[PDB]
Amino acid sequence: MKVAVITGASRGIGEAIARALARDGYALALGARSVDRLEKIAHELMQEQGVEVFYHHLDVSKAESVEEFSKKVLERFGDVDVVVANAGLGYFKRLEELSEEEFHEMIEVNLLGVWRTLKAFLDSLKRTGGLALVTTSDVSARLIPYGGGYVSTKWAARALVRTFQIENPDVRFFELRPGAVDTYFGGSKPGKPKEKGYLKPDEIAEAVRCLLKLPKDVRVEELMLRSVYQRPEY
(Lines of atoms letter the chains of each structure in order from A and count residues from 1; the text may use other names and numbers.)
(Lines give C-alpha, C1' and ligand atoms only; values in the text may rest on other atoms or scores of the structure.)
Protein backbone atom coordinates (compact mmCIF):
# COMPACT_ATOMS: atom_id res chain seq x y z
CA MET A 1 0.00 0.00 0.00
CA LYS A 2 1.49 3.38 -1.05
CA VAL A 3 0.23 6.98 -0.63
CA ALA A 4 0.54 9.73 -3.33
CA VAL A 5 -0.16 13.37 -2.61
CA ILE A 6 -1.08 15.43 -5.72
CA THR A 7 -1.34 19.18 -5.89
CA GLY A 8 -3.25 20.76 -8.71
CA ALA A 9 -5.33 17.59 -8.77
CA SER A 10 -8.63 19.25 -9.85
CA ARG A 11 -7.87 19.06 -13.58
CA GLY A 12 -5.30 18.59 -16.32
CA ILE A 13 -2.02 16.89 -15.58
CA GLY A 14 -2.57 16.54 -11.85
CA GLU A 15 -5.99 14.93 -12.28
CA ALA A 16 -4.53 12.61 -14.94
CA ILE A 17 -1.69 11.54 -12.64
CA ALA A 18 -4.24 10.86 -9.84
CA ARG A 19 -6.23 8.65 -12.20
CA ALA A 20 -3.16 6.76 -13.39
CA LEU A 21 -1.83 6.19 -9.93
CA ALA A 22 -5.27 5.07 -8.79
CA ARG A 23 -5.04 2.39 -11.52
CA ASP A 24 -1.94 1.08 -9.77
CA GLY A 25 -3.64 1.02 -6.45
CA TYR A 26 -2.17 4.06 -4.75
CA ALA A 27 -4.07 5.79 -1.97
CA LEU A 28 -4.40 9.37 -2.95
CA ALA A 29 -4.38 12.70 -1.20
CA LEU A 30 -5.69 15.44 -3.55
CA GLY A 31 -5.32 19.18 -3.22
CA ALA A 32 -6.46 22.14 -5.27
CA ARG A 33 -8.68 25.11 -4.82
CA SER A 34 -11.64 23.58 -6.61
CA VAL A 35 -12.93 21.27 -3.85
CA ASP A 36 -16.05 20.33 -5.84
CA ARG A 37 -13.81 18.93 -8.60
CA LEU A 38 -11.68 17.09 -6.08
CA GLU A 39 -14.74 15.51 -4.46
CA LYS A 40 -16.01 14.37 -7.88
CA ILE A 41 -12.73 12.81 -8.86
CA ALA A 42 -12.31 11.23 -5.41
CA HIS A 43 -15.69 9.51 -5.43
CA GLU A 44 -15.09 8.13 -8.88
CA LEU A 45 -11.65 6.79 -8.10
CA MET A 46 -12.76 5.29 -4.75
CA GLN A 47 -15.51 3.34 -6.41
CA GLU A 48 -14.07 2.50 -9.82
CA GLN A 49 -10.41 1.86 -8.76
CA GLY A 50 -11.09 0.78 -5.14
CA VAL A 51 -8.48 3.14 -3.70
CA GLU A 52 -8.65 5.32 -0.69
CA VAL A 53 -8.91 9.01 -1.57
CA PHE A 54 -8.58 11.95 0.69
CA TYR A 55 -9.13 15.47 -0.57
CA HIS A 56 -8.78 18.92 0.92
CA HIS A 57 -8.71 22.54 -0.18
CA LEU A 58 -5.22 23.65 -1.03
CA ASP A 59 -4.01 27.04 -2.23
CA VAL A 60 -0.28 26.66 -2.72
CA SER A 61 0.14 30.42 -2.84
CA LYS A 62 -0.60 30.49 0.91
CA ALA A 63 1.87 29.13 3.44
CA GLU A 64 -0.82 28.40 6.00
CA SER A 65 -2.95 26.49 3.42
CA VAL A 66 -0.02 24.22 2.52
CA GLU A 67 0.80 23.64 6.17
CA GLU A 68 -2.83 22.72 7.04
CA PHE A 69 -3.14 20.51 3.99
CA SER A 70 -0.03 18.57 4.81
CA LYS A 71 -1.01 18.23 8.48
CA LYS A 72 -4.39 16.80 7.39
CA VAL A 73 -2.85 14.46 4.82
CA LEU A 74 -0.24 13.10 7.23
CA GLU A 75 -2.99 12.70 9.86
CA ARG A 76 -5.12 10.75 7.40
CA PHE A 77 -2.57 8.39 5.97
CA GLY A 78 0.62 8.58 7.97
CA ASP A 79 3.73 8.99 5.85
CA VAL A 80 3.58 9.55 2.20
CA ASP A 81 5.41 7.82 -0.63
CA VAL A 82 4.92 10.12 -3.54
CA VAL A 83 4.36 13.89 -3.59
CA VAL A 84 3.40 15.42 -6.92
CA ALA A 85 3.97 19.20 -6.77
CA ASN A 86 2.04 19.94 -9.94
CA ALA A 87 -0.05 23.12 -9.47
CA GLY A 88 1.10 25.83 -11.84
CA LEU A 89 -0.03 28.60 -14.08
CA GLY A 90 1.12 30.75 -16.91
CA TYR A 91 0.49 34.25 -18.20
CA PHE A 92 2.04 35.05 -21.53
CA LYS A 93 2.94 38.61 -22.36
CA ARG A 94 6.05 40.56 -23.37
CA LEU A 95 7.99 41.33 -20.21
CA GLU A 96 7.18 45.05 -20.22
CA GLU A 97 3.45 44.15 -20.57
CA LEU A 98 3.31 41.53 -17.85
CA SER A 99 1.72 42.96 -14.65
CA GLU A 100 3.02 42.89 -11.16
CA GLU A 101 0.06 40.75 -10.18
CA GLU A 102 0.58 38.20 -12.98
CA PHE A 103 4.29 37.80 -12.21
CA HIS A 104 3.66 37.50 -8.49
CA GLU A 105 0.95 34.89 -8.98
CA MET A 106 3.25 32.81 -11.14
CA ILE A 107 6.04 33.11 -8.57
CA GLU A 108 3.68 32.16 -5.75
CA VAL A 109 2.41 29.04 -7.45
CA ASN A 110 5.17 27.80 -9.76
CA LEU A 111 8.05 28.50 -7.41
CA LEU A 112 7.05 29.15 -3.83
CA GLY A 113 4.10 26.77 -4.05
CA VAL A 114 6.44 23.98 -5.04
CA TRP A 115 8.85 24.92 -2.29
CA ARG A 116 6.03 24.92 0.29
CA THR A 117 4.67 21.64 -0.96
CA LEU A 118 7.98 19.89 -0.85
CA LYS A 119 9.07 21.23 2.47
CA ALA A 120 5.80 20.28 4.11
CA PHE A 121 6.21 16.62 3.18
CA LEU A 122 9.95 16.53 3.33
CA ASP A 123 10.44 14.74 6.69
CA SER A 124 7.82 12.21 5.61
CA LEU A 125 9.48 11.50 2.31
CA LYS A 126 12.90 11.16 3.99
CA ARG A 127 11.45 8.43 6.24
CA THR A 128 9.90 6.56 3.27
CA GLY A 129 12.72 7.04 0.73
CA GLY A 130 9.90 8.63 -1.25
CA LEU A 131 9.59 10.40 -4.57
CA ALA A 132 8.74 14.06 -5.07
CA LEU A 133 7.69 14.83 -8.63
CA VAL A 134 7.52 18.43 -9.70
CA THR A 135 5.81 19.36 -12.89
CA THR A 136 7.90 22.24 -14.23
CA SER A 137 7.93 22.60 -18.08
CA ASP A 138 10.21 21.94 -21.03
CA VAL A 139 10.77 25.72 -20.58
CA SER A 140 12.52 25.10 -17.28
CA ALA A 141 15.61 25.00 -19.51
CA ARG A 142 14.83 27.04 -22.59
CA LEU A 143 13.33 30.38 -23.49
CA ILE A 144 10.28 31.63 -25.35
CA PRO A 145 9.09 35.03 -26.44
CA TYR A 146 6.13 36.16 -24.30
CA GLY A 147 7.23 33.62 -21.72
CA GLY A 148 9.53 35.66 -19.56
CA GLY A 149 7.50 35.64 -16.36
CA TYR A 150 6.42 31.99 -16.72
CA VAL A 151 9.79 30.72 -17.89
CA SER A 152 11.71 32.54 -15.21
CA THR A 153 9.59 30.78 -12.52
CA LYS A 154 10.11 27.39 -14.19
CA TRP A 155 13.92 27.90 -14.29
CA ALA A 156 13.70 28.87 -10.62
CA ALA A 157 11.67 25.70 -9.92
CA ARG A 158 14.27 23.55 -11.66
CA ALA A 159 16.99 25.02 -9.47
CA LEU A 160 14.81 24.55 -6.41
CA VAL A 161 14.12 20.91 -7.19
CA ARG A 162 17.78 20.09 -7.83
CA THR A 163 18.79 21.97 -4.66
CA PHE A 164 16.22 20.02 -2.60
CA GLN A 165 17.82 16.93 -4.16
CA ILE A 166 21.38 17.90 -3.21
CA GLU A 167 20.21 18.74 0.34
CA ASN A 168 18.16 15.52 0.72
CA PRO A 169 19.96 12.62 -0.92
CA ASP A 170 17.65 10.23 0.90
CA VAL A 171 14.70 11.42 -1.14
CA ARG A 172 14.14 11.02 -4.91
CA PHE A 173 13.28 14.15 -6.86
CA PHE A 174 11.81 13.94 -10.33
CA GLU A 175 11.50 16.96 -12.60
CA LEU A 176 8.74 16.40 -15.10
CA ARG A 177 9.12 18.67 -18.12
CA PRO A 178 6.14 18.50 -20.49
CA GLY A 179 5.76 20.66 -23.49
CA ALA A 180 2.34 22.01 -24.42
CA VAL A 181 -0.45 19.89 -22.97
CA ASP A 182 -4.17 20.13 -23.79
CA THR A 183 -5.49 21.40 -20.45
CA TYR A 184 -6.91 24.67 -19.00
CA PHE A 185 -3.33 25.96 -18.81
CA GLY A 186 -2.83 29.42 -20.21
CA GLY A 187 -6.53 30.40 -20.05
CA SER A 188 -7.62 27.55 -22.36
CA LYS A 189 -9.86 24.51 -22.11
CA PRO A 190 -9.28 20.81 -22.95
CA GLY A 191 -10.39 19.54 -26.37
CA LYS A 192 -7.46 21.00 -28.38
CA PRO A 193 -6.24 18.51 -31.00
CA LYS A 194 -2.87 16.79 -30.71
CA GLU A 195 -2.07 18.12 -34.19
CA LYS A 196 -2.00 21.75 -33.02
CA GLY A 197 1.04 20.85 -30.86
CA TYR A 198 -0.35 19.25 -27.68
CA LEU A 199 0.15 16.27 -25.50
CA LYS A 200 -2.86 14.88 -23.67
CA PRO A 201 -2.62 14.69 -19.92
CA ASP A 202 -3.39 10.97 -19.85
CA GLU A 203 -0.20 10.38 -21.94
CA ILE A 204 1.89 12.30 -19.47
CA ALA A 205 0.26 10.48 -16.55
CA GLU A 206 0.95 7.18 -18.20
CA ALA A 207 4.69 8.18 -18.61
CA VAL A 208 4.66 8.96 -14.91
CA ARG A 209 2.84 5.86 -13.71
CA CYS A 210 4.96 3.53 -15.53
CA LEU A 211 8.26 5.08 -14.29
CA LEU A 212 6.85 5.03 -10.76
CA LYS A 213 6.66 1.24 -11.09
CA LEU A 214 10.45 1.07 -11.09
CA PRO A 215 12.14 -0.17 -7.95
CA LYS A 216 12.61 2.19 -5.03
CA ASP A 217 16.35 2.33 -5.65
CA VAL A 218 15.80 3.97 -9.07
CA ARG A 219 15.85 7.77 -9.03
CA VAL A 220 14.23 9.19 -12.20
CA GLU A 221 15.50 12.77 -12.12
CA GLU A 222 14.30 14.27 -15.31
CA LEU A 223 11.82 13.47 -18.05
CA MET A 224 11.16 15.88 -20.92
CA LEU A 225 8.45 14.94 -23.45
CA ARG A 226 6.54 16.91 -26.04
CA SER A 227 4.09 16.25 -28.85
CA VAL A 228 5.52 15.42 -32.24
CA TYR A 229 3.39 18.32 -33.40
CA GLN A 230 5.34 20.76 -31.21
CA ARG A 231 8.43 22.17 -32.94
CA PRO A 232 11.54 20.69 -31.28
CA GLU A 233 13.18 23.74 -29.80
CA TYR A 234 15.90 23.90 -27.22
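Residue indices: 1-based, along the sequence shown.
Higher mean CA temperature factor, per the PDB entry, when comparing 183-191 with 25-33: 183-191. In this crystal structure, the stretch out of 153-161 and 137-145 whose C-alpha atoms carry the higher mean B factor is 137-145. Ranking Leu225, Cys210, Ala16, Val220 by Cα temperature factor from the entry places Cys210 first.
Highest C-alpha temperature factor among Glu44, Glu175, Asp59, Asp202 per the entry: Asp202. The deposited CA B-factor of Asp123 belongs to the middle third of values across its chain. Remark: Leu214 belongs to the highest third of its chain, ranked by C-alpha B-factor as recorded. In the deposited entry, the Cα temperature factor of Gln49 sits in the top third of values across the chain's modelled residues.
For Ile166, the recorded CA B-factor ranks within the middle third of the chain. Only modelled residues enter the ranking. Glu75: CA B factor in the highest third of modelled residues in this chain (values from the PDB entry).
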